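Next up: a single chain in structure tokens, the form deposited in one PDB entry.
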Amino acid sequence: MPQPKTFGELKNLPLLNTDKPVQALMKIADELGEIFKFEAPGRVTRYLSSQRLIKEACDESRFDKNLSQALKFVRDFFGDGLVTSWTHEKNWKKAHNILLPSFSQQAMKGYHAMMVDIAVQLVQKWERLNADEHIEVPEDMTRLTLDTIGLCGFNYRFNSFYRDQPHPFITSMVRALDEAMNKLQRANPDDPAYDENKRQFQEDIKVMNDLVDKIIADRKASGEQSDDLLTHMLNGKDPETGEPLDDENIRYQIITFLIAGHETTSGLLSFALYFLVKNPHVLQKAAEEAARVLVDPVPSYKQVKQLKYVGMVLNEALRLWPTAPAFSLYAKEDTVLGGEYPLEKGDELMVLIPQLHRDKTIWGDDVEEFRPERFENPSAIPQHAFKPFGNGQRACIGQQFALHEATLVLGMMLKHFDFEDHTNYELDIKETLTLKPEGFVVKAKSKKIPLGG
């Protein structure tokens, strides 16, 4: 098995002391191929990059979701929420059963109007810019996606478009998640001058939980019936057990959903607009579809479903830069992967999604091209070749929510404005635990098409 450069007792860990660790891992995969061993003090992971190996790893009879180091660290504030619980921890399956109905078609139809509310705020913001002002793309997409999950899920308005900097929840969330990403902290977390970081961390967690408090208080004070995600959290009963979620778990789900529910979707919208401005003929075709399909002053649910090419633009953005770029599995028993690589019970695998999605045996030699037409025919994409939403029963519960919101918003953007890559922007991918273009800016010239209420 290939392995990258080690550094004595630190093994491979210094390779990840960099601003862009996933990009570093992709380069290592480029050098070493479909599988490599990665060791840190205390742990071994095998990174997989080929569809033939990832297909086997996605067999749930042999491999289950693993909580990676990052997932274990963030559990300090995500707790035993859906993202951070083991498949055999009781509260995984219990919450899964209670919340799944909140992501049906019916539920999506119910969220649509509130998705439109936030989308209209974005379009209005851009209509109101003065000559020669520009748009900060990831910043505005984060405003939109946070507000969208807040309002759709919790009936809570973050009012991000009324602030010129991030909502304080975001500012604490980013520092709390960055603290966790500082996983290699002198491999001496109990050092001298981390009392500072540890204090700050608790303060950041407290800011997030005080917002959770307001969400729950506002719900309780409400005179109206919301019938949303929070409703199901508070009231829903697991049909396998008869039980509703306990209070502590509810708080962890709210934090889980507010975070997971916006950050990767902001990244996706930003990457999609990047690839559109860099591929003008693709932009033209998407914009022609938006104009033909979005014939009313605001979009209906059924219209968003008809933006097929827009859907393909999003899927092709997720192919090249899947914004949650890795998920971890473990071997349920001793087994052999790909007829060649023996694994012991409990061994960890990490699926490196961007490399999977560059597997030339699947996608051909145009892997780096942005070509949404690749997705014209679903059945021409082998099982387990495209996995931006994870796998099996632990796959993203929010997938259709993300894609409906992103399709609606990108469609409205393409209907209402012409975009200019005025700086000839050079892609710079900032990594947190997710991926996003940094410093991406455009200019938008309004086509002066009225919006509705």
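Residues carry their position along the shown sequence, with the first being 1.
There is also a form deposited with a partner chain bound; it is not shown, and the following applies to it.
Trainee: I'd like to know if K278 sits close to the partner chain in the deposited bound form, meaning any non-hydrogen atom pair within 4.5 angstroms.
Mentor: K278 lies outside the contact set for the partner chain.
Trainee: Examine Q105 and determine whether its closest non-hydrogen atom to the partner chain in the deposited bound form is within 4.5 angstroms.
Mentor: Contact check for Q105: yes, within 4.5 Å of the partner chain in the deposited bound form.
Trainee: In the deposited bound form, does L100 have a heavy atom within 4.5 Å of the partner chain?
Mentor: Contact check for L100: yes, within 4.5 Å of the partner chain in the deposited bound form.
Trainee: Could you confirm whether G33 comes within 4.5 Å of the partner chain in the deposited bound form, counting heavy atoms only?
Mentor: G33: no contact with the partner chain in the deposited bound form.
Trainee: If contact means any heavy atom within 4.5 Å, which of 267 to 275, 376 to 384, 317 to 325, 254 to 262 contacts the partner chain in the deposited bound form?
Mentor: Result for this chain: 376 to 384.
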